[PDB]
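Q: First piece of the complex, coordinates kept as in the full assembly:
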Amino acid sequence: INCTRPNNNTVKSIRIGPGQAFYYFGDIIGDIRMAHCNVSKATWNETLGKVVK
Amino acid sequence: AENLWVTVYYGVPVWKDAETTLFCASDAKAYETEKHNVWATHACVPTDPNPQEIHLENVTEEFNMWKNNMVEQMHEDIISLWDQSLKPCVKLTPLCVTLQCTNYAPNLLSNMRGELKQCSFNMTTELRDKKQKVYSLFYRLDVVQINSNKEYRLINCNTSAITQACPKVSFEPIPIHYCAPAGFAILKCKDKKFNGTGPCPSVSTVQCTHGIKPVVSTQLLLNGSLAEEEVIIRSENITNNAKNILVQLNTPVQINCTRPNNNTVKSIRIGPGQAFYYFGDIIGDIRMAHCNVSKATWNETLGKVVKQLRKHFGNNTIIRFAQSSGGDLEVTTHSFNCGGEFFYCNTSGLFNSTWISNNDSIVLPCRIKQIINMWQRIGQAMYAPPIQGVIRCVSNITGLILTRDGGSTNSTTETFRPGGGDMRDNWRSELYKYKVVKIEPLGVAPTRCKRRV
Amino acid sequence: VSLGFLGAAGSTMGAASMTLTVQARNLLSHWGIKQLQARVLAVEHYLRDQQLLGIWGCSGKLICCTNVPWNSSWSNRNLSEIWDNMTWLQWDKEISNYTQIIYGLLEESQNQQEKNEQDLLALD
């Protein structure tokens, strides 16, 4: 299986204080494609036919 | 008969070195006085009256400092000792609030024309819906502004938290022995001169060494164990300026250090149950903190050390001393502890001399802080409360650290200046002659004769 | 006179061999866990070789003999000077790449044969 996340990020860091470095979501740049996973089709057929026997 | 058979022996002295953990053991009286509480030497399995020492014969051994595992064992536990003594006493987050003020009035009427900053702010009371007004004092080395009365802040509320010191625990060091478990031995060799490494002719073993007083000091070792009859130099890689220079001496010299202004305190309550101590008001004159030193003896030992130091740098070269360089303050000044407070003395009135190859008192100024970032760590800091009365402490100066400079080849009369800023080497200064080892009892050899069935 | 602990370790064999008791008399002679790690370590090293001595037909005997002869490919030095001109620190490094052959051949030489013949001589 291959699984990716296209829209990576840029991040920022703000200080709660005293001494609590908080991290959070910054801004997105570029296109937007949601996360997904590919899988080999015919092999998934083959092992599913294998398990049902 | 004239064939030989084998036999087995048990418990024959051989040793091959290793490393394990250790433990500590020291008391004769100090738990009985105790000031009800001390920094954590609490049970520690109190020591033996008469320690054991066996002289050895016809034995040599290679000896190397700078690779002993024992110095990091003394490094790791004191860190774990320090925070554990500091943690369960009371926290304070809500102090670093905005604040505005200007200086105190007879600050300009003293030798110390510096910084007192009579100051004030709002603080939460025991009840959550009530505030209160206070009035207090803070040195400029513990306050800094933001960029109207330009508002201030404590030094590193922008980095980490601050926790006040627990009001009954002392900071004065107690001598400690460090002792090895069974199946092990500690080796010390008792030569007078010892130039760091190499073999040593006369060795001996002891289960646990003499006492070490873990004092926290920079650029001058104080209350340290004294050397033998002649002054010595120690290093790694002289004529390679990256590391530091250690020197130990024989004639201890005095130092007296005081704090004149006894400056009584007050105490309010943060609440519930947070008895906060703060600086009250001062009455009397103002004289800043300082230290005296015997002049002619300081000339005498400095003339003593330069005769010894010349041998590692030729014959006809010129030696000049200088003050510290800069950067942070904590490598420049001479910092130490006395009576539960922390001084910072400029020490520029010592290393001001050149040297040609052929009843007075030096008064040096000192300053005090109230926020410490001890052990070169970032992530915590401690607040110390002031103490009433007049404090006064005497000690022996024993051991200074030195650092070379840049320059060129061996012609341009190289110089020196203090510095350092580390604490591990100070323990390397006083654990120089110890190493761990493990015995091995099992042995086997051929004998002449046989065994009955 | 009592020379003391690790006393004649720089001396020769026959001086060191006659005084062996004192090595046993000293062998078992927040900050609670690190002390407690020491005592469990000290009891571990002592109890380990103890049965390893005890498996060799020598229970509490400090000095004891055995049955297996000496293979002369091990050393060639005959008898006298090894008791007279070396130290144990000189000795133990010299025979180091042998001991695994020694210990295994030692134990089965007595405590397989000498118990089976014991089970056959006390038989009849």
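A: That came through fine. Numbering: from 1, shown residues only, chains lettered A, B, ... in the order given.

Q: for the chain, what spans make up the helices?
A: This is for chain A. A:41-52 (DSSP state H).

Q: that's the other chain; I wanted chain C
A: Taking DSSP H to define them, one finds helices in chain C at C:13-17, C:22-25, C:33-54, C:88-94, C:99-111, C:113-116, C:118-121.

Q: buried ones in the longest one?
A: To tie it back to what came earlier, the one meant is helix C:33-54. C:35, C:38, C:41, C:42, C:45, C:53 (16 or more other CB atoms under 10 Å in any protein chain shown). Quick note: C-beta positions are derived from backbone N, CA and C, even for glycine.

Q: sorry, back to before: can I get the helices of chain C in JSON lines including distance to residue B:297?
A: Output for the helices of chain C, formatted as JSON lines (distance: least, CB to CB, whole Å):
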{"stretch": "helix C:13-17", "distance to residue B:297": "51"}
{"stretch": "helix C:22-25", "distance to residue B:297": "49"}
{"stretch": "helix C:33-54", "distance to residue B:297": "43"}
{"stretch": "helix C:88-94", "distance to residue B:297": "48"}
{"stretch": "helix C:99-111", "distance to residue B:297": "61"}
{"stretch": "helix C:113-116", "distance to residue B:297": "78"}
{"stretch": "helix C:118-121", "distance to residue B:297": "82"}
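
Q: Of those helices, which is nearest residue B:100?
A: Among the helices of chain C, helix C:33-54 comes nearest to residue B:100, with 50.1 Å by CB to CB.

Q: okay, the angle between that closest one and strand B:184-189?
A: For helix C:33-54 against strand B:184-189, the angle by axes from the mean of the first three to the mean of the last three CA atoms, to 10 degrees is 110 degrees.

Q: What number of residues are in the vicinity of residue 4?
A: If you meant another chain, say so; for now it's chain A. 9 (other CB atoms under 10 Å in any protein chain shown).

Q: Actually, chain C is the one I wanted.
A: Using other CB under 10 Å, residue C:4 has 16 neighbouring residues.

Q: Kindly incorporate the sequence below as chain D:
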Amino acid sequence: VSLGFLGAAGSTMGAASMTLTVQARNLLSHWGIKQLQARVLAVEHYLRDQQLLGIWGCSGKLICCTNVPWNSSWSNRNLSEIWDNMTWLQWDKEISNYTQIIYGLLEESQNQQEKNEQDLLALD
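A: This next block brings in chain D, placed alongside the chains you saw above:
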């Protein structure tokens, strides 16, 4: 050839009886407390039966005999097939409800009489 640890446990007596050394050679071979609970447990089981062997007149002897005869109400199988056609896993379940009578009668049979007669034969 060395068969190894727990080797011939499926075999018969005489094969298993001849190789007994390797069971002793393997017997003593936040996450600090649970390791430390193991080593104090391992030293406890070893040291327990050790003196329980040592009280029986057998200090370090791996195989040893004794004095007390066999009460024939215990087993009836005579000599041969018990050494030739069973396993120790077969043996130990078979004689299980006897051992408390065995151990107490064993120890006083030697180590009361055989020391008192020792204190009377070495007497005169």
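
Q: The buried residues of helix C:33-54 again please, chain D included this time.
A: Quick answer for helix C:33-54 (16+ other CB under 10 Å): C:35, C:37, C:38, C:41, C:42, C:43, C:45, C:50, C:51, C:53, C:54.

Q: Just the closest of those to residue C:29, please.
A: Nearest to residue C:29 among the buried residues of helix C:33-54 is residue C:42, at 9.5 Å by CB to CB.

Q: Excluding covalently adjacent residues, which one is nearest to the closest one?
A: Residue nearest to residue C:42 in three dimensions, not counting chain neighbours: residue B:182, with 4.0 Å by CB to CB, 6 or more residues apart in numbering or on different chains.

Q: now residue C:62
A: With CB to CB, 6+ apart, the residue lying closest to residue C:62 is residue B:10, at 5.5 Å.

Q: now swap in residue C:29 and tell me
A: With CB to CB, 6+ apart, the residue lying closest to residue C:29 is residue B:182, at 6.1 Å.

Q: coming back round to it: let me know the closest of the buried residues of helix C:33-54 to residue B:312.
A: Of all the buried residues of helix C:33-54, residue C:38 has the smallest distance to residue B:312: 41.8 Å, by CB to CB.

Q: quick one: that closest one from residue B:45, how far?
A: 11 Å (CB to CB, to the nearest Å).

Q: and if you look at residue C:62?
A: 31 Å.

Q: can you check residue C:21 too?
A: Taken as CB to CB, the span from residue C:21 to residue B:45 is 27 Å.

Q: now do residue A:18
A: In terms of CB to CB, residue A:18 sits 40 Å off from residue B:45.

Q: same thing with residue C:73?
A: From residue C:73 over to residue B:45 the distance is 51 Å, taken as CB to CB.

Q: ditto for residue C:82
A: Distance, residue C:82 to residue B:45, using CB to CB: 44 Å.

Q: go on, residue C:75?
A: For residue C:75 relative to residue B:45 (CB to CB), the value is 46 Å.

Q: Smallest distance to chain B belongs to which residue of chain A?
A: Nearest residue of chain A to chain B, counting by CB to the nearest CB: residue A:19, 4.0 Å away.

Q: add chain E to the structure above, sequence below:
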Amino acid sequence: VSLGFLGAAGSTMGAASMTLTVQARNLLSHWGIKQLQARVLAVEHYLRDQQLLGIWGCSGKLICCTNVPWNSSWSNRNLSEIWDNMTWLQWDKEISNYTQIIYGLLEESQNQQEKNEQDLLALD
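A: To build on what is shown above, here is chain E added in:
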């Protein structure tokens, strides 16, 4: 009948001397650390004197004799009444300022001489 643990401690010698096994049969029989401090303490006291018995030529023998005679400056009471009219609690306080001379003189009397003569009688 079995009198039990610490049974005849108020009795005399010969009653108490004949039953000595039961003192060994009972000798090794947040709240995890303080339990664990007990078991490491219990194993320490047992293992200490065990080798201190084992250094004296007595490995597992509960009762054993030795070689050194009695210096009559120690006691003067001859033989009979000390086995017949005192207790061990009476005995041990009576001979208390002697034992350090006793233990050191005991161990070298056998286990220096009696092994060196053993290394000379098994020699020839």
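
Q: try the buried residues of helix C:33-54 again now we have chain E.
A: C:35-43, C:45-47, C:50-51, C:53-54.

Q: likewise stretch A:13-26?
A: Neighbour-count burial for stretch A:13-26 flags A:18, A:19 (criterion: 16+ other CB under 10 Å).

Q: Hmm, residue C:111 is touching residue C:59, no?
A: No. If you go by CB atoms under 8 Å, residue C:111 and residue C:59 don't touch, sitting 11.7 Å apart.

Q: Between those two, tell me which one has more neighbours.
A: It is residue C:111, of residue C:111 and residue C:59, that has more neighbours when counted by other CB under 10 Å, with 22 against 19.

Q: circling back to that earlier point, just the buried residues of helix C:33-54 now: which is nearest residue D:106?
A: Of these, the one sitting nearest to residue D:106 (CB to CB) turns out to be residue C:54, at 20.9 Å.

Q: got the contact list for the closest one?
A: Neighbouring residues of residue C:54 by CB atoms under 8 Å, 6 or more residues apart in numbering or on different chains: D:59, D:60.

Q: separation between it and residue D:24?
A: Residue C:54 sits 9 Å away from residue D:24, going by CB to CB.

Q: Residue C:57 now?
A: Look at residue C:57 and residue D:24: by CB to CB, they are 13 Å apart.

Q: So those two - more neighbours on which side?
A: Between residue C:57 and residue D:24, residue C:57 has the larger neighbour count (other CB under 10 Å), namely 23 against 15.

Q: neighbours of the nearest residue to that one once chain neighbours are set aside, just the number please.
A: Leaving aside its sequence neighbours, residue C:57 sits nearest to residue C:110 (CB to CB, 6+ apart; 4.6 Å). Look at residue C:110: counted by other CB under 10 Å, it has 17 neighbours.

Q: Contact partners for residue C:110?
A: With contacts defined as CB under 8 Å, 6+ apart, the neighbours of residue C:110 are C:56, C:57, C:66, C:67, C:68.

Q: and with 10 Å instead?
A: Applying CB atoms under 10 Å, 6 or more residues apart in numbering or on different chains to residue C:110 gives the contacts B:451, C:55, C:56, C:57, C:58, C:66, C:67, C:68.
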